[PDB]
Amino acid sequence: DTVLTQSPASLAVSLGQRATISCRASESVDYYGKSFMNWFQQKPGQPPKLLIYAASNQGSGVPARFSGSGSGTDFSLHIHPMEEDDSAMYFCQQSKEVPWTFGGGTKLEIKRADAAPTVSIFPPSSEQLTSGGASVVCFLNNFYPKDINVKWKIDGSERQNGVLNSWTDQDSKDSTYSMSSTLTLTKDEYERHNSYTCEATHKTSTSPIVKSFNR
């Protein structure tokens, strides 16, 4: 099997700049003088779309801002300039041998201005409490870069146990990211503590955004 290895795994390019994704094969991919390397584009909740075929040929309706190159083992995808709609997963694929193999994908994103997150905290609902559970929800909305450190403090103590964080893919109109952190306990344990704190350290500041509530 021809293994295709792309690099980097994730990018972040400012609007107007050039993005270049590398894809190398374990075995040659051009039979004769034609390179069987294809590139696809896949936006979230979307089927892949053919971008380049035979190494450097534009797919249908593909802007001249996307170009492909390389031969044999090493291939590259170029995007210049970067535009607000290009954020997507790009995969390379060889179609010389069977099976047809794809690369791991490279997630290219728009590097926008930094953006601090908007943290909101919500205590368990009466309805959930009534059912014996106590989920505390914390929304860290619209920040950039996605690199963030989300932690919980129960009465001042670090609680690693019981939380599920979830990020949203780069926003389409914003280029920001979002996240929900949820701490789940039992009604009983929830009632054993007073203070519940949701904290976020992000490069936009040295002090974390601490959001809290006393039950």
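Counting begins at 1, following the sequence as shown.
When the two stretches 39 to 47 and 153 to 161 are set side by side, the higher mean Cα temperature factor goes to 39 to 47.
Relative to one another, 2 to 10 and 204 to 212 have unequal mean CA B-factors, and 2 to 10 is the one with the higher figure. Highest C-alpha temperature factor among 109, 84, 114, 97, as the PDB entry reports it: 84. Per the deposited coordinates, the residue with the largest Cα temperature factor out of 175, 180, 28, 186 is 28.
Among the modelled residues of its chain, residue 126 has a C-alpha B-factor that falls in the highest third, as given in the PDB entry. Split the chain's modelled residues into thirds by C-alpha temperature factor. Residue 76 is in the middle one.
The PDB entry assigns residue 105 a C-alpha temperature factor belonging to the lowest third of its chain's modelled residues. For residue 32, the recorded CA temperature factor ranks within the highest third of the chain's modelled residues. Residue 22: CA B factor in the highest third of modelled residues in this chain (values from the PDB entry).
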